[PDB]
Number of protein chains: 2
Amino acid sequence: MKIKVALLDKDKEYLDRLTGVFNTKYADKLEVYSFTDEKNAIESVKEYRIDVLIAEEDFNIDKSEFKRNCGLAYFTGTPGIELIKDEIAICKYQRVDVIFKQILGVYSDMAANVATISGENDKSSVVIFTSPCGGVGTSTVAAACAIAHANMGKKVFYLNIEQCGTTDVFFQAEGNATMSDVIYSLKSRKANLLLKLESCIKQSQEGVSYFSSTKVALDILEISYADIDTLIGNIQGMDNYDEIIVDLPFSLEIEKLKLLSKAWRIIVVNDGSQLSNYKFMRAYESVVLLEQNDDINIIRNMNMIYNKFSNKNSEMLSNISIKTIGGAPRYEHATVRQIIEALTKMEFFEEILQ
Amino acid sequence: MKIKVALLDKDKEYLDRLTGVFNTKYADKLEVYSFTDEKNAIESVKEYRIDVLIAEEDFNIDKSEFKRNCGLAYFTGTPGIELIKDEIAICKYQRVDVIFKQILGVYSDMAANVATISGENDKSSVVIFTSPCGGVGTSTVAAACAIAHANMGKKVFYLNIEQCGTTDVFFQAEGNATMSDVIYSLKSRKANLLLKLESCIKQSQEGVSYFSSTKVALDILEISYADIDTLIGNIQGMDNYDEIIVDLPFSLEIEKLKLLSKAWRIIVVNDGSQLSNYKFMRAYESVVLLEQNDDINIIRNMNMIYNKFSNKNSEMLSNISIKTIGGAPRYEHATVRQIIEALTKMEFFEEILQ
Ligand SMILES: Nc1ncnc2c1ncn2[C@@H]1O[C@H](COP(=O)(O)OP(=O)(O)OP(=O)(O)O)[C@@H](O)[C@H]1O
Ligand SMILES: Nc1ncnc2c1ncn2[C@@H]1O[C@H](COP(=O)(O)OP(=O)(O)OP(=O)(O)O)[C@@H](O)[C@H]1O
Ligand SMILES: [Cl-]
Ligand SMILES: [Cl-]
Ligand SMILES: [Mg+2]
Ligand SMILES: [Mg+2]
């Protein structure tokens with residue numbers, strides 16, 4: 001899929017010069033149409049399905065008239081100017097290769113702004129850990145899984161969307177960028193989104209990629225459901241990760257469940273206690289009822305891990321339609337560090353990959 | 001504070017008959033004004049600060065013109081009719097005592113519709129259990145506290161507002177009314193609110209009053225913040241309970257924190273683990289920032305209970321402005337029943353009362 005580019009200028013010599021170079025030297029990557037009339041350019045966007053329009057800076061382009069996902073940039077003769085009328089400024093007289101790369105940027109930005117979670121086989125798997133059973137170790141098991149899969153050679157991204165999430169207890173890395181910066185970038189309708197997001201990525205000692213915790217916990221209240229969807233879509237859009245592991249607080253809100261339903265697999269953690277088992281089946285019963293909604297399908301994508309399971313005091317749930325893939329005991333007098341180390345040796349984490 | 005009542009009818013004989021009886025035999029409880037003109041009656045509501053207007057059924061009263069919290073009912077000659085134009089129907093020719101009691105009902109309904117949590121000394125104390133530390137035993141400790149206080153002779157109401165709340169594990173009672181009925185009554189702009197709410201009340205074997213869990217967990221998603229405030233206000237409005245114990249899921253949402261700030265005391269539960277301690281201080285830091293809002297004051301009303309505290313593995317937080325009132329250990333191989341029994345003997349539950 002080549003990028004279709006429209007060029008709008010009164011300098012025909014310039015238009016011919018670019019379209020001539022682009023439709024020969026870059027004909028494998030681009031397909032370029034040129035215009036001297038604004039009305040012809042705008043209606044051609046819709047008709048030819050153009051992905052990037054670049055207009056000369058004196059034009060005032062209303063991008064609502066495109067009637068299509070299509071990026072906008074302005075050509076200029078003025079150096080040192082990053083934006084013109086809120087869009088990327090492209091210097092006419094730099095090297096064509098540099099113009100080309102700016103066009104790719106404008107295309108990328110436009111794609112990144114409407115990214116959404118994908119189930120295509122060439123995108124990262126999205127695995128969401130969640131549980132209605134408090135303190136059963138869901139976050140620890142998710143972190144352990146990320147490490148376990150990193151240990152096997154997977155390129156793993158770890159995303160923690162809890163208000164009081166403990167990302168920084170589990171993973172450490174140099175750098176001052178946090179999830180707060182990620183959120184800011186997603187909310188500012190601003191350019192270079194995907195590069196900004198990539199600059200916030202840290203990498204743990206064991207090779208797990210992640211964003212460190214927001215500077216203060218209340219920051220995460222700023223992220224919407226649309227935003228999480230766009231963020232995960234954008235992480236898949238980076239074409240680097242095998243797997244995205246998301247630690248998501250469980251609840252029965254319809255929008256939470258629609259997000260959950262976009263997971264390739266849902267892993268639920270449970271300790272098999274009386275209150276845990278009861279809580280889970282309370283969740284299960286209402287999920288089933290809510291699966292009457294077209295956009296909600298959850299139970300068929302869930303697998304269960306028992307964690308902190310007492311031989312003497314816990315009991316697995318029977319007669320439910322959720323496969324148990326594994327169990328871990330309750331480690332006595334253990335630190336977080338120790339528990340995670342013990343967990344990463346659990347063979348059942350491989351089952352999440354297949 | 002006597003109820004001020006306005007009567008609107010074209011039958012002056014009838015108006016005189018009632019106002020004569022009411023302003024003599026019921027002059028201690030009521031203060032009654034009568035009208036034959038609609039405009040005089042309506043403007044008198046605002047001016048005299050009338051609490052209940054009763055108009056003859058042929059009148060069409062627009063209660064938005066009252067410009068005041070004031071109940072509306074209709075006088076009728078027709079038996080077997082509960083409502084007229086959406087309001088309580090009052091039979092003219094039943095006993096005056098029965099008319100009186102209907103007026104009290106209309107007044108009560110009107111008060112119940114705008115009930116809100118009170119901090120007055122003659123209303124039930126509102127004690128909210130909440131915690132950002134998952135699975136530390138917050139709900140168990142709240143139930144244990146309710147039982148402990150019942151055991152001392154307190155009239156205790158227990159309210160559980162978790163989606164997957166475990167009320168029915170902790171308390172059992174005969175009856176088919178659940179919290180679902182409570183929610184329905186609060187949402188239907190309908191009469192006898194306080195009597196409807198009272199009909200849903202069950203009483204545990206140990207004397208704790210409560211509403212059993214919603215029929216399905218998703219029902220509780222229907223209750224708003226305004227609704228919880230009105231419900232608790234209405235439970236205080238019943239003038240029966242010393243204390244209302246509320247199990248409320250913690251979060252940093254402003255509306256959650258405004259509700260929390262109406263508590264007379266907030267009890268936070270923590271196990272002193274590394275992840276628990278970390279989560280709490282993440283919450284604390286953002287609460288402090290959010291206390292810049294006028295309607296949020298939380299930290300100064302909090303006390304901490306350590307539950308499941310390991311001598312070997314837990315540590316209390318130092319250098320914080322939250323008083324620890326007590327601690328409980330982690331009971332080994334214990335059922336819910338056993339844990340609660342052991343907890344109700346904790347002397348520190350008395351400190352919640354003083
Ligand atoms: N297998 C295990 N053995 C012993 N302790 C464990 C085990 N797994 C987790 N824990 C401990 O259980 C506690 C809860 O862990 P974690 O914070 O991951 O649970 P959660 O279910 O994610 O909690 P929340 O409900 O707050 O999300 C921590 O103290 C953690 O160290
Ligand atoms: N003092 C105790 N000793 C041993 N186990 C306990 C103790 N208190 C609570 N528990 C157990 O801890 C688990 C969590 O209890 P509970 O459901 O009350 O926690 P919670 O903090 O309310 O959970 P959630 O985070 O889901 O609200 C249950 O298995 C309960 O039996
Ligand atoms: Cl055991
Ligand atoms: Cl110990
Ligand atoms: Mg967690
Ligand atoms: Mg709880």
Side-chain angles (χ1 to χ4, degrees), chain A residues 115-120 123-133 136-150 154-171 178-180 182-183 186 197 200-204 207-214 217 219-238 240-253 255-269 283 287 295-298 301-305 307 325 340 343 349 351-353, chain B residues 134:
Chain A
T116 196
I117 291 160
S118 166
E120 298 299 324
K123 300 282 192 83
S124 314
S125 317
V126 179
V127 181
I128 304 187
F129 288 69
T130 198
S131 183
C133 318
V136 299
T138 306
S139 299
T140 298
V141 168
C145 183
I147 298 156
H149 288 184
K154 295 286 177 199
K155 293 173 180 187
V156 177
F157 202 100
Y158 167 88
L159 187 59
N160 189 318
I161 302 158
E162 296 179 331
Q163 285 183 15
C164 292
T166 63
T167 298
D168 299 348
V169 176
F170 300 136
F171 304 116
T178 74
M179 176 72 213
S180 295
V182 172
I183 292 160
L186 289 168
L197 290 178
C200 301
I201 299 178
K202 286 165 163 183
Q203 201 171 295
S204 78
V208 179
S209 301
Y210 69 106
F211 300 124
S212 66
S213 291
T214 57
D219 287 343
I220 217 138
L221 298 165
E222 298 304 312
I223 202 150
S224 74
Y225 285 113
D227 292 334
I228 294 167
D229 187 38
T230 309
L231 179 55
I232 295 156
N234 278 310
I235 295 163
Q236 294 178 303
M238 297 175 178
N240 185 262
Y241 302 102
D242 298 311
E243 183 180 60
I244 301 160
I245 288 169
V246 186
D247 181 351
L248 193 72
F250 184 88
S251 76
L252 299 168
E253 285 91 304
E255 298 306 315
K256 178 73 71 45
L257 300 177
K258 290 175 173 172
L259 182 53
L260 260 180
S261 310
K262 289 192 182 192
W264 297 32
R265 191 168 305 177
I266 302 174
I267 303 296
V268 170
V269 184
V287 168
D295 303 330
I296 297 163
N297 216 280
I298 283 171
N301 296 310
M302 276 178 169
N303 291 170
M304 179 149 269
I305 293 167
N307 182 50
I325 59 167
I340 284 171
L343 284 173
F349 283 122
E351 188 50 49
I352 300 184
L353 296 170

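Below, read A as the first sequence line, B as the second, and so on, with proteins coming before strands; counting in each chain starts at 1. What you see below is based on every heavy atom in this structure, not just the backbone, and it leaves out hydrogens, waters and symmetry mates.
Proximity of a side-chain donor or acceptor of A:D229 to a complementary backbone N or O of A:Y225 within less than 3.5 Å is not detected. Of the possible donor and acceptor atoms, none in the side chain of A:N303 sits under 3.5 Å from a partner among the backbone N and O of A:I267. A:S124 places no side-chain N or O within 3.5 Å of a backbone atom of A:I244 that could act as its donor or acceptor partner. No side-chain donor-acceptor contact under 3.5 Å links A:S261 to the backbone of A:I298. Counting only distance, with no hydrogens or angles, the side chain of A:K256 and the backbone of A:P249 share a donor-acceptor pair below 3.5 Å.
Note that CE of A:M179 and OG of A:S212 are 10.5 Å apart. Values are rounded to the nearest 0.5 Å. The CG atom of A:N160 lies 6.0 Å from the OG1 atom of A:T166; values are rounded to the nearest 0.5 Å. Here A:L260 contributes atom CG and A:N297 contributes atom CG; the two are 11.5 Å apart, rounded to the nearest 0.5 Å. The CD1 atom of A:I235 sits 7.0 Å away from atom CD1 of A:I201, with the distance rounded to the nearest 0.5 Å. Going from atom CD1 of A:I223 over to atom CD1 of A:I183 covers 5.0 Å, rounded to the nearest 0.5 Å. Note that CD1 of A:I245 and CZ of A:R265 are 12.0 Å apart. Values are rounded to the nearest 0.5 Å.
Taking all atoms of both residues into account, the shortest heavy-atom contact from A:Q163 to A:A217 is O-CB, 3.3 Å. Of all heavy-atom pairs between A:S213 and A:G165, the closest is OG-O, 3.9 Å. Listed here is the closest heavy atom pair of A:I232 and A:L159: CG1-CD2, 3.6 Å. Between A:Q236 and A:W264, the closest heavy-atom pair is NE2-NE1, 4.0 Å. Closest non-hydrogen pair, A:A115 versus A:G233, comes out as CB-C, 3.9 Å. Residue A:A263 comes nearest to A:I266 through the heavy atom pair CB-CG1, 3.8 Å, listed as atom of the first residue, atom of the second, then distance.
No option in A:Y241, A:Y158, A:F171 other than A:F171 meets the ring pair (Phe, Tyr, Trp, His ring centres under 6.0 Å) test with A:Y210. Here the rule is side-chain contact (heavy atoms from CB on, under 4.5 Å) with A:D247, and of A:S139, A:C145, A:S131 only A:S139 fits it.
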Discussion item. Checking A:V287 against A:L252 for the side chain to side chain contact (heavy atoms under 4.5 Å, CB included) test, could you report, in this order, the C-alpha distance in whole Å, the side-chain angles of both residues, the deciding distance, and whether it holds?
Written reply: CA-CA 7 Å; A:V287 168; A:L252 299 168; 4.0 Å; yes
Worksheet item: Given A:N307 and A:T140, is the side chain to side chain contact (heavy atoms under 4.5 Å, CB included) satisfied, shown in steps?
Response: CA-CA 10 Å; A:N307 182 50; A:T140 298; 5.6 Å; no
Discussion item. Does A:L259 form a side chain to side chain contact (heavy atoms under 4.5 Å, CB included) with A:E255? I'd like the steps, not just the answer.
Written reply: CA-CA 6 Å; A:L259 182 53; A:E255 298 306 315; over 6 Å; no
Worksheet item: Yes or no on side chain to side chain contact (heavy atoms under 4.5 Å, CB included) for A:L231 and A:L186, after CA distance, side-chain angles and deciding distance?
Response: CA-CA 8 Å; A:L231 179 55; A:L186 289 168; 4.1 Å; yes
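Using a 3.5 Å distance cut-off with no hydrogens or angles, the side chains of A:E253 and A:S251 do pair a donor with an acceptor.
The aromatic ring centres of A:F211 and A:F157 sit less than 6.0 Å apart.
Looking only at side-chain heavy atoms (C-beta outward), A:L197 and A:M238 come within less than 4.5 Å of each other. By the 4.5 Å heavy-atom criterion applied to side chains, A:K258 and A:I296 are counted as neighbours. Between A:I147 and A:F170 the shortest side-chain heavy-atom distance does not fall below 4.5 Å. Residues A:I128 and A:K262 have side chains not in contact (no heavy-atom distance under 4.5 Å, counting atoms from C-beta outward). Side-chain contact check for A:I352 versus A:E243: some heavy-atom pair is nearer than 4.5 Å.
Under the side chain to side chain contact (heavy atoms under 4.5 Å, CB included) criterion, A:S180 pairs with A:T178, A:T214, A:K215, A:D219, not counting sequence neighbours.
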